[PDB]
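# Structural overview for review
Residues per chain are reported as follows:
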Amino acid sequence: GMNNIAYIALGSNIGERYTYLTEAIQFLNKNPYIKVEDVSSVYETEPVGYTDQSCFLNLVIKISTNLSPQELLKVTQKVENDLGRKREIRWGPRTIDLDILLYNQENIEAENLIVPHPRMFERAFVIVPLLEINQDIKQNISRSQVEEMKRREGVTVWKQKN
Ligand SMILES: CC1(C)Nc2nc(N)[nH]c(=O)c2N=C1C(=O)NCCN1CC[C@@H](SC[C@H]2O[C@@H](n3cnc4c(N)ncnc43)[C@H](O)[C@@H]2O)C[C@@H]1C(=O)O
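- In the PDB header, X-ray crystallography is given as the technique by which the entry was determined, and 2.000 Å as its resolution.

## What to know about the overall build of the chain
- Along the chain, the regular secondary structure elements total five helices and eight strands.
- For the chain, the C-alpha radius of gyration of 15 Å lies close to 15 Å, the compact-globule estimate for 162 residues.
- With respect to the three principal axes, the spread of C-alpha positions in the chain is 40 × 35 × 35 Å.
- Looking at the chain alone, contacts between residues at least 24 apart form 70% of all its contacts between residues at least 6 apart.
- Counting every atom, the chain has about 9000 Å² of accessible surface; 46% of that belongs to carbon and sulfur.
- Where the 20 positive side-chain charges of the chain centre and where its 22 negative ones centre are 3 Å apart.

About the thresholds
Residues numbered from 1 in each chain as written, not as in the entry; some residues may be left out. Heavy atoms only, no water. Helix = DSSP H or I, 4+ residues; strand = E, 2+ residues; numbered from the N terminus. Rg over C-alpha atoms; globule rule 2.2 N^0.38 Å. Contact = heavy atoms within 4.5 Å. Areas by Shrake-Rupley, 256 points an atom, 1.4 Å probe, with all protein chains shown as cover. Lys, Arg positive; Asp, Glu negative; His and termini not counted. Charge placed at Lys NZ, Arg CZ, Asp CG, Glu CD.

What follows is the structure, given as structure tokens:
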């Protein structure tokens, strides 16, 4: 069994952005303890927090796993590492980011792991692709709240999922 469901957001704003994203999902999927169940469309998004840099490609995936939350976290960090994410980069451009957004319905408050992700409802580049693949959120947020945050933060479909 892989009884745990988790939602993960991916962003990239360096180089071949879509490649990093694509290789991130491939690396995750290659792990026998992770099954990728659904992937959002890919959105191009205006940089948040530090705007003097390239636009981002952002998506969100849903996975099934038998990994614990700390186990899942160490996998995503190994993936980040494999794709050349420099630990030191905080606000500027980076090859790849992985955020654990949701893990079942657990509320996690470890020193290194906060779930639900504390910024996810303040980021259109997370919420928009999340709603595409998570119907429980889809109701907890109006449809005009979704296209209203698209407009204000500058989030646009870059590649349709199929
Ligand atoms: C510059 C900015 C804001 N601008 C953007 N603009 C657009 N348009 N699009 C973007 O995508 C975009 N991205 C941006 C951005 O900063 N992205 C990074 C998102 N993530 C990546 C993972 C963690 S890395 C550090 C520690 O976090 C701890 N940690 C705690 N909780 C969790 C958790 N739930 N999941 C993973 N790590 C966690 C670990 O223990 C690690 O040590 C935190 C970071 C975040 O959210 O701050």
